[PDB]
Amino acid sequence: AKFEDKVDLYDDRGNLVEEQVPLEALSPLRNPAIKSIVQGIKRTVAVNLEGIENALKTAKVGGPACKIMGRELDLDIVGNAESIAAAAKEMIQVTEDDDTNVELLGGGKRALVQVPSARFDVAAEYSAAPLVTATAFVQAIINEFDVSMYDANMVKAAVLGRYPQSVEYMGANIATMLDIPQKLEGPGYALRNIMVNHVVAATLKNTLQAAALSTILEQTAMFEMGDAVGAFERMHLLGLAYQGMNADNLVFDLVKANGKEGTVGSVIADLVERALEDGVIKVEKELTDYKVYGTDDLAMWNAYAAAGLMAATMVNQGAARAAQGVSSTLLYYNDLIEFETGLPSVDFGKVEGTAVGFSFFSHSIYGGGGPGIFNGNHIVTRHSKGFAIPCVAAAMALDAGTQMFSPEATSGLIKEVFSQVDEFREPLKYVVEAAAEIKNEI
Amino acid sequence: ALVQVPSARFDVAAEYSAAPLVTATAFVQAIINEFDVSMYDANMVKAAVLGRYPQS
Amino acid sequence: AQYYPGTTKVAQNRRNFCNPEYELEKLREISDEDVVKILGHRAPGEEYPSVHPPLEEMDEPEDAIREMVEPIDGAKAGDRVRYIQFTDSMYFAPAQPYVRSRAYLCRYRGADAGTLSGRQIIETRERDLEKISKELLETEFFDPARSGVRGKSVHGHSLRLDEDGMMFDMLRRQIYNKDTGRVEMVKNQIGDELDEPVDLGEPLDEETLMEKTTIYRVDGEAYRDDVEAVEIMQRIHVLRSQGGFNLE
Amino acid sequence: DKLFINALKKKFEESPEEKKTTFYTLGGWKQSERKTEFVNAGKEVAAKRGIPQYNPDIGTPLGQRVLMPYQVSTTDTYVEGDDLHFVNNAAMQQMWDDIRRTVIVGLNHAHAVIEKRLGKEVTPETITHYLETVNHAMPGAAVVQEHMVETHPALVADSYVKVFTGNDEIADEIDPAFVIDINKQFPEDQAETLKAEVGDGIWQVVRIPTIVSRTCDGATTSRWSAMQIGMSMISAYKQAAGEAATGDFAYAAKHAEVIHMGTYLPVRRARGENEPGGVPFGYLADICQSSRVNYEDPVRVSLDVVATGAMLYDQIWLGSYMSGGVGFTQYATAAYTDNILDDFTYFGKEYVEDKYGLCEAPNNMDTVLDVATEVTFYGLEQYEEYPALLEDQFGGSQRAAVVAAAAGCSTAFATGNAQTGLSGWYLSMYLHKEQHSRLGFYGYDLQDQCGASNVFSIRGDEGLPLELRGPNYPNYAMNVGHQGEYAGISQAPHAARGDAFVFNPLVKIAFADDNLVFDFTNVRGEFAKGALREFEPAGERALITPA
Amino acid sequence: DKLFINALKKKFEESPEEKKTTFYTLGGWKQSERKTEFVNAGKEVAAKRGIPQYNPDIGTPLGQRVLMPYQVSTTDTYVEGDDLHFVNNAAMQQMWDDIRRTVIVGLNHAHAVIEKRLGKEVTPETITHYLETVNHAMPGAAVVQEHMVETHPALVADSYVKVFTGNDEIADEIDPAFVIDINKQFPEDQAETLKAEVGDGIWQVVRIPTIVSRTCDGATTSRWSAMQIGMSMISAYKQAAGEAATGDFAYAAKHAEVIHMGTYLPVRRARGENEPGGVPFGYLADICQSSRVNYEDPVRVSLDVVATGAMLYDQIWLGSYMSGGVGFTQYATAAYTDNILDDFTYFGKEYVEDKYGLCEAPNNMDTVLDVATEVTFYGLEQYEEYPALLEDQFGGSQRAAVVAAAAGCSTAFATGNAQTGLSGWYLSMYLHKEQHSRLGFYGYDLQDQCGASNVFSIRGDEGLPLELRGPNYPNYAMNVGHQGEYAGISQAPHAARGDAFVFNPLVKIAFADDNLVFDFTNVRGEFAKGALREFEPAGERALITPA
Ligand code: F43
Ligand code: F43
Ligand SMILES: C[C@@H](OP(=O)(O)O)[C@H](NC(=O)CCCCCCS)C(=O)O
Ligand SMILES: O=S(=O)(O)CCS
Ligand SMILES: O=S(=O)(O)CCS
Ligand SMILES: [Cl-]
Ligand SMILES: [K+]
Ligand SMILES: [K+]
Ligand SMILES: [K+]
Ligand SMILES: [K+]
Ligand SMILES: [Mg+2]
Ligand SMILES: [Mg+2]
Ligand SMILES: [Mg+2]
Ligand SMILES: [Mg+2]
Ligand SMILES: [Mg+2]
Ligand SMILES: [Mg+2]
Ligand SMILES: [Mg+2]
Ligand SMILES: [Mg+2]
Ligand SMILES: [Mg+2]
Ligand SMILES: [Mg+2]
Ligand SMILES: [Xe]
Ligand SMILES: [Xe]
Ligand SMILES: [Xe]
Ligand SMILES: [Xe]
Ligand SMILES: [Xe]
Ligand SMILES: [Xe]
Ligand SMILES: [Xe]
């Protein structure tokens, strides 16, 4: 291992799972579960057969309020989903014994489609899962009913939308958690252009699991972006471990100590207290009735601070059961702790900066929206390198129904299909088990 | 310098930009460390390697 | 907790506003109906409108965090999220926008605090907002002349005062009575006329304003004279800079 | 006789069947009043600025042949080609500005936020108050803050917001000044279709100022619209001027229920929303309002769309956005002047109805071979029978687009399906290329050689109903003489069917408005009016200039 | 006295130091000549179009306080803030049009194709002939084909092509009408630097017509330029009109030796080239021509760049392209009116000059802590000592941008390095926020809290010298009160050093051109002239519209 840190791994309940695990057992570069989650995210597609059938029945294809009168086709797609799904699987798969998965849901209304990994070993990116799935189901539908050459193009429009006139699959009746590569704010951002609501949908509103999946996706993107390389690698792993994986039970314990009566300020005071006890910080000098704290390990202070930030979101937005205040917590947890200690806030102010504009663009006329529509690829929330969005995911998870644009409104298809994948639903359980199983191979 | 970024980074990556991005920051950091380039001048090493990104 | 550095009265007042163990001075008594009237989200005695069903009528997912974080009463009831917003004159109002937000999240649970140059806001569950509002209105958070409750048209924090020492208000929600020396709130925060105005008490004396204010000014206590407070801000700037480079 | 005979006889001294004439003795550019104006203007320009500009002695000497007048089809107006250059034609520029500066924005999500999140009531009275507020705010005026500085109302007088809904009773409770009345703008059968498509939905048609659209880009429109919608929602519904719920309105207005005229473009032709390349052919047909005033002549409806599209897609988009310079005036004019395309297309319509009856032909390849071959042979024979016609449309590309448009539209008249019409378009090209051993310019039939195979393909970036295709469809992204004709073929089967719209009913209604500056019910008449310098555009700065 | 005292006295009755005034008794909007004009215009506009528009009774009543006049800095012109709205100010619109319609295109690759691939000679004689051909062709006129319809020369009189070269001999050989003479437009030391940067290279400055730029978009510019370059190369150098080599010229003109004003933008803010978001801060500093006329006053040079950038980036780009409506005229005016930023910056220059001497300070954090703290405290103290000044710049964001700009520019004056100047900018915000317990609007210091850490970062989308940053730098992509000030800080160190350019010498030379419509040597004077409605823009359609 490159680094000497070890961490104690805890479950969502707050129970010790494995003691003294090398930090890099949690690294996306080494952890087999993270590799599995990331590859799953790349290759999974939800197909809305009911939607495809209704689009064809009405010729409502190609985007909102769009319809071509006279193109209507009455095909019983949902009635023949099994035959259609089986025919499509034969085209999607590379061999009979590979990891292709095609599973019908909702009595044939939706279909979870997992494209084989082999296809991606020889692909540049991830557009293979949506494109191969789309054409496979288009051909299966056409063959199922012997749709004529003259009408088949409507089946294509019903499945994939206005592409390629539009750059996106505008009006498509398939869904992925990744968006198209052209929409990346920068190279290596693909794992960041995953809406918070998609994560909350997949984790079925589980606070700690939503935090973990989001942290997993964000920090893995930091590796693909090159941010977690060289001098900064340890900072990002410690942030992944302590903020997203509940390492040493710090997030869990902080929430336990402040859940009944606590506030952002009380969580800060206990975190600062814990850091002193664990030797992470020490009094560097004293001013008039004020103590300036220092540290010989900024990366570790930042991770401790990242843990408290998560705990404060859970305490603050948890007490409100309303996600909107997470933009406030991300800001003033960091503002307060800096003047509490004299040490820089999480991500050296990047989280505070993201919170400033995040607050603005979730309470103003100019753009953004509710917390659930943001993501790491959003111009508003791309600035902190993994330390902010997982808190937004935890907050939306704690939301009891105060948001008009909730995961049910913008990610219903994700909520039905992606949540069926065990690794996506409970990533923390899989990543921790994988970490333990490689603890002595690192 | 010919650089081949390890296959392992791409098994856990969505696409292919890790190759230029991991290489760029690695060589940027190595140059800075080789000559102890100062905090005040290091940003020029970054421009020399990767250009006007991310304004462009 | 230290909250904030510095050796001026301002620094101490900033510390006091954040410290939950500091008892904010109660300067006036406001009726519950007057708070509901000032807020303007519902009529006094009107039922709390619900944004979603009660939490006990819902079956929340088994979630260790949900079980450990006690919801505020308004969230249990399913109350809407409403707001109260204050403008603070730069001429020595006791509370200022950053001071408020920092203090709110030290003192109050489930708070969504927003800070701006001419307005500071908190959003939370309606019934809980009303009790927060009572304290924000009754204590040294508020002065009837140098502070104003404004849901819109907040212009005034940076404007000169009028002949009476009142802060400018495009909508004149708070009226100074020159015959009595007291301030009355003729309209609600959004600017809708009230049937019965709300007595807001006498403005604080210029000497008391400087005693309680949290803004630094050359004609009060200058920030540049609070050398230890400036030093911590410079320290934070330097450490932030070094952390972002991290290749020394 | 033939609809183009009048135009040809006014263009030349000789009869239209005479295969010989005399050249070189016309005086060059001196034969033309417009070239004379240009030469004198060029002299004044160079003198004033100190740099040579327009100079007839540069390059080759124009006017060794007759520099022709052009009849704008369906009019009796005759102008020189320069008058139909988009730079010289304010009607053409305003047509694009009126599209570029328009966006459709729902109020349904917004009204749900108002009632569910804020707990306030939405009524026709609250909507009217909101609409009066947004019509103050949308041109650039303030409603909340003190010391706001605002746009000059007379410079932004063309900016406003209207609404429409399929619910007649709701519509009648809203102040009619703000309502696009579907019953008043559309014939009964079409109005019933459109109102049934919209149902209880309420949709805003927002038009931002032309002066802003010209100062900025098309991607400005939906943002500008959203800011002033947002401010008017704050004002009319008395929410905090910037609270959490305000964000829901911004997301609704900018994303959740916004309908752009055009989608953004990929990086090689990088462009934001509401640029010509993002406007699919089906939208273009629906923006053109011929359908609701000429619905008993499917040829007229289809060719009004062709004129709309040929001008926009070829002269402004491909001829400037994607290239520039002299540009592609004549490429586009061949499709809306001299009644040539009208003659060819009226022949096909009569052929289809005599043989099949409109829409009654089988939708298969048999109909494609029949109709497209017959109409192609008719069109090409006119060029052989009339030398004046062949000299008028001298560019092979011009003739290909006109002949194939008549063949394609006629095939769609027969089948009622735009996709078989598109197949007929490509067959027309193949027959044309073999008949005359020529077709268009060096790269004209890139899409045409790809054409046949991609008409009915279903693959990723190949398969798409014609109505959904547009200037960004891969094969179509580069070349003149196609896009405007494709929009016509998109309209053709729906015009024969009597359909109220081609692809989007909200887009159709959004331009059935009398408050537009350009009259989309009479595109070609507007082009003629612009040519004569009788069109008054919006967005001029005369009010803020010394003279 | 303070440079802003004059504006304060002409704005309010009280002396600038007075702490009390009276409100509510001014008559609302009736106090203002401009608001009265707007009210009457809205009445005429609403009546004429049949839809309510500007109405002072909508929303809250403006003018409970004094609606202030603004002095344009470095002028004696006083106008109401509405006259500095870009929609109401033709000078501001023309400034952006002159940038948007400009592209720089080398002739070096082209001349190599001519001699190496075609085997023809290039000489000053052929270059002049080509330049006479291209100035006929570039506005939209023909040089090769018969029967071409062209643009009206008077509508496109602002379009032309010039060249410059560092080789004085070659420059003298070319007809001076087509030459930007570096020796005549720059002082001796700057001219020598610029000529050494360009060497024997020959570069065209192409400006396409304003009327086209307003009809289309910024990505049109380099394409339009390339078409007419290509047509003029065919003509002047007698190649086949469309052979293999013709493609080499198009590739070189559209990609190989083209310099855009702005690079394209990513999808969320999808935009083509030559839009404001793509113009890096260093280019904007170099587009501004103050450096070559005010080079003995580094404050004046730096703040003319601030005015250039504040208007373009905040009012047109962020206030319209990226939002719209009333917009942010005041957010930008704070940086170029009432001589307020000038007072703060001249103080910092003087403070740096007394303590270090310009450019003699160590380039480290010690200098940042010293200069940015001192200047920040000076600026904020003025707002405390003068109540009028605080009421003048009533928005916290306005004060933040002005104070930090002076602090940043001052620090760069000391170090000669823009990156430490940027560090000072952020230090000023942290002190400002703590002094007054407020800073800007809801999301003003997103980039400012990221600021310190990202000034010296080297990571992928974090590290960049300030000159290379621009409106698309991630932290900077959203918010007013920064971008134009950043262009000033970018200029700050170069102005102190006497540098002829900040970031690109070709961009610097390309706007040292007396045939531009907007005079970039006196940006703020031009804004004042537009405010008075004395500026005559290009691109008007009056010639082709009725009287
Ligand atoms: C120089 C090129 C190569 C190229 O890339 N484009 C050219 C020229 C370009 C220039 C000519 C402007 C000028 O004269 O200065 C412009 C106007 C584009 C521009 N730069 O603004 C144009 N052609 Ni061309 N170009 C046209 C056409 C044509 C037709 C002309 C055939 C004939 O017999 O006259 C042929 C292609 C073909 O044979 O199919 C053609 C080729 C050519 N075209 C050959 C020159 C041919 C020659 O030496 O005469 N164009 C047309 O076919 C009609 C429309 C016409 C366009 C102007 C308008 O639309 O009004 C113009 C479209
Ligand atoms: C409604 C919002 C929420 C939002 O997203 N933008 C608003 C309003 C928006 C609107 C106001 C137009 C109108 O009045 O109808 C416009 C003009 C943008 C637009 N849509 O055209 C604008 N603000 Ni605002 N906005 C401004 C500002 C401000 C300052 C005003 C502080 C004060 O004391 O007056 C504060 C932020 C702060 O406190 O720091 C502010 C907030 C707010 N601003 C609050 C309304 C506050 C209120 O109730 O009065 N703006 C400024 O700080 C100065 C520049 C000014 C902008 C207009 C210009 O640049 O000329 C305008 C920029
Ligand atoms: C955030 C983003 O909005 P969306 O969340 O994508 O709707 C973005 N707007 C902006 O950045 C607005 C900037 C100008 C208005 C605020 C200036 S402080 C845009 O439209 O692309
Ligand atoms: O001559 S080409 O066929 O290249 C096209 C002329 S527009
Ligand atoms: O109140 S907000 O800061 O959102 C508006 C700033 S223009
Ligand atoms: Cl678990
Ligand atoms: K830290
Ligand atoms: K008003
Ligand atoms: K010519
Ligand atoms: K434009
Ligand atoms: Mg080690
Ligand atoms: Mg569990
Ligand atoms: Mg404790
Ligand atoms: Mg070093
Ligand atoms: Mg005749
Ligand atoms: Mg015959
Ligand atoms: Mg007085
Ligand atoms: Mg004096
Ligand atoms: Mg976009
Ligand atoms: Mg001295
Ligand atoms: Xe994969
Ligand atoms: Xe497909
Ligand atoms: Xe670090
Ligand atoms: Xe809600
Ligand atoms: Xe990098
Ligand atoms: Xe029709
Ligand atoms: Xe300079």
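Its UniProt record, at the heading Catalytic activity, says of chain D: "coenzyme B + methyl-coenzyme M = methane + coenzyme M-coenzyme B heterodisulfide". Taken verbatim from the UniProt record of chain D, the Pathway comment is "One-carbon metabolism; methyl-coenzyme M reduction; methane from methyl-coenzyme M: step 1/1."

A. The arrangement of the overall build of chain D in detail. Summing up its helical and strand segments, chain D has 24 helices and 6 strands in all. The C-alpha radius of gyration of chain D comes to 25 Å, within 12% of the 24 Å expected for a compact globule of 547 residues. In chain D, the share of contacts with a sequence separation of at least 24, taken over all contacts with a separation of at least 6, comes to 76%.

B. A look at the arrangement of the chains. The highest contact count of any of the 9 pairs of chains in contact belongs to chains D and E. Looking at chain B next to chain D, you find no contact at all, with the nearest C-alpha pair sitting 12 Å apart.

C. Just the site of ligand 3, in detail. Surrounding ligand 3, one finds 20 residues, the nearest of these being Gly368 of chain A, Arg223, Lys254 and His255 of chain D together with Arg268 of chain E. The residues that come close to ligand 3 belong to more than one chain, namely chains A, D and E. With respect to ligand 3, the side chain of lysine 254 of chain D contributes an N or O atom lying 2.8 Å from an oxygen atom. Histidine 255 of chain D places a polar side-chain atom, nitrogen or oxygen, 2.6 Å from an oxygen atom of ligand 3. The protein chains hide 98% of the 540 Å² of surface that ligand 3 would expose on its own. Of the residues contributing to the shell around ligand 3, the split by class is 11 nonpolar, 6 polar and 3 charged.

D. Molecular detail of the coordination of the nickel atom of ligand 1. Within the protein, a single donor atom binds the nickel atom of ligand 1, namely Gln145 of chain E (OE1) at 2.2 Å. With respect to the helices, strands and loops of the structure, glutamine 145 of chain E is situated in the loop between helix 5 (124-137) and strand 4 (160-165).

E. Broad picture of the side chain of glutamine 209 of chain A. Counting through the fold element by element, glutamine 209 of chain A comes out in helix 8 (residues 207-224). Excluding residues that lie within four positions of it along the chain, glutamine 209 of chain A makes contacts with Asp12, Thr203, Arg425, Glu426, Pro427, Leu428 and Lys429 of chain A.

F. Examining the state of the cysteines more closely. Scanning the model with the defined rule gives 0 disulfides over all chains in all. We note that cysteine 216 of chain E lacks a disulfide partner, and the nearest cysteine sulfur, in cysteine 216 of chain D, lies 15 Å from it. Here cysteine 288 of chain E stays free of any disulfide, with the sulfur of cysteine 409 of chain E as its closest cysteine sulfur at 12 Å.

G. Summary view of a nonpolar patch on the surface. All names here are of chain B. Together, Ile31, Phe35 and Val49 make up an exposed nonpolar region whose accessible area comes to about 280 Å². If you trace the backbone, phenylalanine 35 turns up in the loop between helix 2 (18-34) and helix 3 (42-50). The exposure class of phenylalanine 35 is exposed, given its relative accessible area of 62%.

H. Fine view of the environment of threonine 376 of chain D. All names here are of chain D. With respect to the secondary-structure elements, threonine 376 resides in helix 17 (residues 365-385). Placed 51 residues apart in sequence, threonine 376 and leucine 427 show a C-alpha to C-alpha distance of 8.9 Å. Those residues within four positions of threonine 376 in sequence are excluded, and the remaining contacts are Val403, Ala407, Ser428, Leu431 and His432.

I. Representation of the site of ligand 1 within the structure. Close to ligand 1 lie 20 residues; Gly327, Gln330 and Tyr331 of chain D together with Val143 and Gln145 of chain E are nearest. The site occupied by ligand 1 is bordered by residues of chains D and E. In this structure, an oxygen atom belonging to ligand 1 sits 3.5 Å away from a main-chain N or O atom of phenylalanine 441 of chain D. Contact between ligand 1 and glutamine 228 of chain E: a nitrogen atom at 3.3 Å from a side-chain N or O atom of the residue. No other element matches helix 15 (residues 329-333) of chain D, which puts 3 residues into the shell around ligand 1. Tallied by class, the residues present in the shell around ligand 1 amount to 11 nonpolar, 9 polar and no charged.

J. Expanded view of the sheet that holds strand 5 (residues 174-177) of chain C. Residue and element names in this part refer to chain C. Across the sheet, 3 strands lie side by side as 5-6-7; this open sheet has antiparallel pairing. Every interior strand has two partners, whereas the edge strands, strand 5 and strand 7 (193-199), have only one. Strand-to-strand twist across the sheet, computed as the mean angle between neighbouring axes with direction ignored, equals 25°.

K. Region of the structure containing the sheet that holds strand 5 (residues 202-207) of chain E. All names here are of chain E. The strand order across the open sheet formed by 4 strands is 4-5-3-6, and the pairing between neighbours is antiparallel. The open sheet terminates on both sides in strands that have one partner only, identified here as strand 4 and strand 6 (258-259). Note: strand 3 (residues 102-106) against strand 6, 2 bridges, orientation antiparallel. Among the inter-strand pairings, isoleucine 104 is bridged to a residue of strand 6, identified as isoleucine 259.

L. Structural detail: the pairing of strand 4 of chain E. Along strand 4 of chain E, 6 of the 6 residues are buried, which leaves the element largely enclosed by surrounding structure. Residues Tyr160, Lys162 and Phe164 of chain E point to one face of strand 4 of chain E and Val161, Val163 and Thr165 of chain E to the other, with burial holding for every one of them.

Rules used in this analysis
Residues numbered from 1 in each chain as written, not as in the entry; some residues may be left out. Chains lettered and ligands numbered in written order. Part of a larger assembly, values for the part shown. Heavy atoms only, no water. Residues with missing side-chain atoms left out of burial classes, pairs and counts. UniProt positions renumbered as here; feature names shortened; annotations may be inferred. Helix = DSSP H or I, 4+ residues; strand = E, 2+ residues; numbered from the N terminus. Rg over C-alpha atoms; globule rule 2.2 N^0.38 Å. Contact = heavy atoms within 4.5 Å. Near = heavy atom within 4 Å. Polar contact = N/O pair within 3.5 Å; in protein donor to acceptor, adjacent residues only side chain to side chain. Areas by Shrake-Rupley, 256 points an atom, 1.4 Å probe, with all protein chains shown as cover. Nonpolar A, V, L, I, M, F, W, Y, C, P; charged D, E, K, R; others polar. Donors = N, O, S within 2.8 Å, 3.2 Å for Na, K, Ca; no water. Disulfide = S-S within 2.5 Å. Patch = residues over 30% accessible without salt bridge, like charges linked within 9 Å, V, L, I, M, F, W, Y side chains within 5 Å. Salt bridge = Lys/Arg side-chain N within 4 Å of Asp/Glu carboxyl O. Buried < 20%, exposed > 50% of the residue type's maximum accessible area, 1.4 Å probe, protein only. Pairing = 2+ DSSP bridges. Axes fitted to C-alpha atoms, helices over the stretch in contact; angles between N-to-C directions.

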